[PDB]
Amino acid sequence: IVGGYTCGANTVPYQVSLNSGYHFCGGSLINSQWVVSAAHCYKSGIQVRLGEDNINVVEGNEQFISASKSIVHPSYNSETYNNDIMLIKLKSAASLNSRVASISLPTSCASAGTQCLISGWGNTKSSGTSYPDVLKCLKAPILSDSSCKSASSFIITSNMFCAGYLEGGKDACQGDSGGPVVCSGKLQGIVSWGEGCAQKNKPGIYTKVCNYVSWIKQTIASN
Ligand SMILES: [Ca+2]
């Protein structure tokens with residue numbers, strides 16, 4: 001997260017860190033035993049870390065649980081990032097509490113102009129590199145598709161939306177991928193891609209979760 005702020009410990013209790021010896025992506029807890037993240041985060045050896053603030057210090061509120069199964073969307077296209085979404089089932093149910101909490105899936109989609117909260121432990125610099133150890137947060141509005149496409153020349157699908165600030169300075173970044181975009185109390189986006197971070201006319205691209213709620217619900221029900 002670039003141009004954001006320190007969330008404050010466990011203030012985003014649905015935020016997870018995916019760890020394969022180190023933090024490599026974010027994710028969102030959607031019930032006690034399932035996390036949703038981005039397909040492009042897919043790898044073997046995933047341990048889900050819940051209740052994290054400082055990802056380099058055991059602070060007392062963590063739960064580490066290994067993934068038992070990962071399910072990349074059937075239609076994930078790594079070339080275009082279309083359908084950039086993945087479900088991870090935990091080996092055991094997390095014990096839910098105020099610092100480890102699920103976030104509601106949307107029943108309807110969000111619209112241009114709505115403010116969202118984006119969070120993660122990704123890069124905080126627009127040029128160069130600095131990785132924070134505590135969770136960072138950013139408030140950003142959903143942009144209209146046409147305004148985003150016109151400004152950025154990005155090639156995006158109806159399964160994606162743009163959020164952020166065309167002037168630059170505030171954006172998600174490398175290492176935030178897979179993490180939550182929450183708008184009006186619902187998980188509407190997953191940090192998916194962009195070009196650089198926080199550059200003028202290059203806003204963040206986010207997987208449009210509302211297009212996948214049928215798939216998420218049926219998949220969890222069957223597994
Ligand atoms: Ca920790």
# chains A, B, ... in the order shown; residues from 1 in each chain; ligands from 1

$ residues_around --residues "residue A:183" --least-positions-apart "5" --cutoff "10 Å" --atoms "only C-alpha atoms" --output "PyMOL selection string"
chain A and resi 106+109-111+114-118+139-142+188-189

$ residues_around --residues "residue A:154" --least-positions-apart "3" --cutoff "9 Å" --atoms "only C-alpha atoms" --output "PyMOL selection string"
chain A and resi 148-151+194-195+202

$ residues_around --residues "residue A:42" --least-positions-apart "5" --cutoff "12 Å" --atoms "only C-alpha atoms" --output "PyMOL selection string"
chain A and resi 18-20+24-27+36-37+67+69-73+76+78+84-88+177-178

$ residues_near_ligand --ligand "ligand 1" --cutoff "6 Å" --atoms "only C-alpha atoms and all ligand atoms" --output "PyMOL selection string"
chain A and resi 52-59

$ select_by_dssp --residues "stretch 29-185 of chain A" --states "alpha helix (DSSP H)" --output "MDAnalysis selection string"
chainID A and resid 145:152

$ write_last_selection --atoms "C-alpha atoms" --output "PDB file, in the first residue's frame"
ATOM      1  CA  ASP A 145     -14.891   1.523 -16.155  1.00  0.00           C
ATOM      2  CA  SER A 146     -14.877   4.011 -19.031  1.00  0.00           C
ATOM      3  CA  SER A 147     -12.905   6.651 -17.117  1.00  0.00           C
ATOM      4  CA  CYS A 148     -10.404   4.063 -15.954  1.00  0.00           C
ATOM      5  CA  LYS A 149      -9.952   2.442 -19.345  1.00  0.00           C
ATOM      6  CA  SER A 150      -9.617   5.800 -21.090  1.00  0.00           C
ATOM      7  CA  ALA A 151      -6.993   7.119 -18.684  1.00  0.00           C
ATOM      8  CA  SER A 152      -4.889   3.994 -18.342  1.00  0.00           C
TER       9      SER A 152
END

$ select_by_dssp --residues "stretch 73-186 of chain A" --states "strand (DSSP E or B)" --output "VMD selection string"
chain A and resid 77 82 86 to 90 97 100 104 115 to 120 136 to 142 160 to 163 171 180 to 183 186

$ decode --residues "stretch 116-204 of chain A" --atoms "C-alpha atoms" --output "tab-separated table (two decimals), in the first residue's frame"
chain	number	residue	atom	x	y	z
A	116	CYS	CA	-13.62	1.12	-0.20
A	117	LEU	CA	-10.97	0.03	2.29
A	118	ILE	CA	-7.93	-1.67	0.76
A	119	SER	CA	-5.27	-3.21	3.02
A	120	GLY	CA	-2.08	-5.25	2.98
A	121	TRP	CA	1.63	-5.63	3.74
A	122	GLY	CA	2.78	-4.75	0.23
A	123	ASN	CA	5.35	-2.22	-0.96
A	124	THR	CA	4.76	1.32	0.30
A	125	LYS	CA	6.90	3.11	-2.32
A	126	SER	CA	5.84	4.25	-5.80
A	127	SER	CA	9.52	4.26	-6.84
A	128	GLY	CA	11.84	1.67	-5.35
A	129	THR	CA	11.01	-0.59	-2.44
A	130	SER	CA	10.11	-0.62	1.24
A	131	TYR	CA	8.08	-3.40	2.84
A	132	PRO	CA	6.20	-2.66	6.05
A	133	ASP	CA	5.85	-5.15	8.85
A	134	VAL	CA	2.48	-3.86	10.17
A	135	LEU	CA	-0.76	-3.87	8.17
A	136	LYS	CA	-1.34	-0.80	5.98
A	137	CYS	CA	-4.75	0.61	4.93
A	138	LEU	CA	-6.04	2.86	2.14
A	139	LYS	CA	-9.42	4.48	1.44
A	140	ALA	CA	-10.15	4.57	-2.32
A	141	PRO	CA	-13.24	5.05	-4.54
A	142	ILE	CA	-14.32	2.71	-7.28
A	143	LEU	CA	-13.76	4.38	-10.67
A	144	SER	CA	-16.09	4.13	-13.66
A	145	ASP	CA	-14.89	1.52	-16.16
A	146	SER	CA	-14.88	4.01	-19.03
A	147	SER	CA	-12.90	6.65	-17.12
A	148	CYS	CA	-10.40	4.06	-15.95
A	149	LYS	CA	-9.95	2.44	-19.35
A	150	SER	CA	-9.62	5.80	-21.09
A	151	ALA	CA	-6.99	7.12	-18.68
A	152	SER	CA	-4.89	3.99	-18.34
A	153	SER	CA	-5.22	2.16	-21.66
A	154	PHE	CA	-5.45	-0.97	-19.46
A	155	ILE	CA	-7.14	-4.01	-20.96
A	156	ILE	CA	-9.63	-5.14	-18.35
A	157	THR	CA	-12.67	-7.43	-18.36
A	158	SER	CA	-16.12	-7.19	-16.78
A	159	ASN	CA	-14.66	-9.31	-13.97
A	160	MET	CA	-12.39	-6.46	-12.97
A	161	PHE	CA	-12.81	-2.93	-11.65
A	162	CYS	CA	-10.51	0.03	-11.05
A	163	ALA	CA	-10.25	1.81	-7.73
A	164	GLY	CA	-7.96	4.63	-6.60
A	165	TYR	CA	-6.87	8.08	-7.73
A	166	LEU	CA	-5.95	9.05	-11.28
A	167	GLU	CA	-3.56	11.72	-10.02
A	168	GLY	CA	-1.37	9.00	-8.49
A	169	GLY	CA	0.11	8.77	-5.00
A	170	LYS	CA	-2.38	6.33	-3.44
A	171	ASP	CA	-2.65	2.70	-4.58
A	172	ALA	CA	-2.14	-0.97	-3.71
A	173	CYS	CA	1.22	-2.48	-4.64
A	174	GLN	CA	3.32	-5.64	-4.95
A	175	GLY	CA	2.65	-7.90	-1.99
A	176	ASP	CA	-0.87	-6.60	-1.50
A	177	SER	CA	-2.13	-9.07	-4.16
A	178	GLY	CA	-4.93	-11.37	-3.03
A	179	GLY	CA	-5.95	-9.02	-0.23
A	180	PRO	CA	-9.34	-7.41	0.47
A	181	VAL	CA	-11.24	-4.48	-1.02
A	182	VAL	CA	-14.18	-3.90	1.35
A	183	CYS	CA	-16.98	-1.47	0.41
A	184	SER	CA	-20.07	-0.82	2.52
A	185	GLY	CA	-19.23	-3.80	4.74
A	186	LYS	CA	-18.87	-6.33	1.88
A	187	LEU	CA	-15.86	-7.91	0.16
A	188	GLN	CA	-16.19	-6.43	-3.32
A	189	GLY	CA	-12.63	-6.69	-4.60
A	190	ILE	CA	-9.45	-8.73	-4.47
A	191	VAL	CA	-6.13	-7.00	-5.13
A	192	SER	CA	-5.23	-8.31	-8.60
A	193	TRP	CA	-2.93	-6.13	-10.74
A	194	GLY	CA	-1.74	-2.82	-12.11
A	195	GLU	CA	1.31	-1.23	-13.64
A	196	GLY	CA	3.80	0.09	-11.16
A	197	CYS	CA	2.08	1.56	-8.10
A	198	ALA	CA	0.54	4.95	-7.39
A	199	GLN	CA	1.46	6.34	-10.83
A	200	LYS	CA	-0.62	9.00	-12.57
A	201	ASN	CA	-3.44	7.44	-14.63
A	202	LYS	CA	-2.57	3.90	-13.56
A	203	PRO	CA	-5.08	2.99	-10.82
A	204	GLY	CA	-5.32	-0.43	-9.16
